[PDB]
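Got a sequence here, can you build the structure:
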Amino acid sequence: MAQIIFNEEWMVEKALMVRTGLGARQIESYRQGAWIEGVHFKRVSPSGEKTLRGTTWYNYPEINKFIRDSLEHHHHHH
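Residues are numbered from 1 along each chain as shown. Structure data below:
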């Protein structure tokens, strides 16, 4: 254990597509599948209480880990 460092690569929707190289349509399609709340992203509101205006921040390491599957082309479906 050298030092407890955290992956603070949290970024909003429009920022994420720029950092990863994806588009809004491809990300929303992923949110209908691979993007899981609590796992690959979380809900950050401009307050301490429960609001539906809570901005969603996505995890870059989690997403690059997912995309890695397509780069690591492997015949997964028979």
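
could you pull out the helices for this structure?
Remark: helices of the chain, listed N- to C-terminal, are 13-20, 24-31, 60-71; assignment by DSSP state H.

ok, what's across the strand from the residue nearest the centre of the chain?
Geometric centre of the chain, nearest residue: residue 58, 3.5 Å, by C-alpha atoms, centre = their mean. The bridge-partner assignment for residue 58, based on DSSP bridges, gives residue 11, residue 41.

quick one: residue 56 and residue 18, what's the gap?
Noted for residue 56: a distance of 16 Å to residue 18, by C-beta to C-beta, to the nearest Å. For the C-beta atoms, the positions are set from N, CA and C on the backbone; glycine is no exception.

Same drill for these two, tell me which one is more crowded.
Relative neighbour count places residue 56 above the other of residue 56 and residue 18, with 15 against 9, counting by other C-beta atoms under 10 Å.
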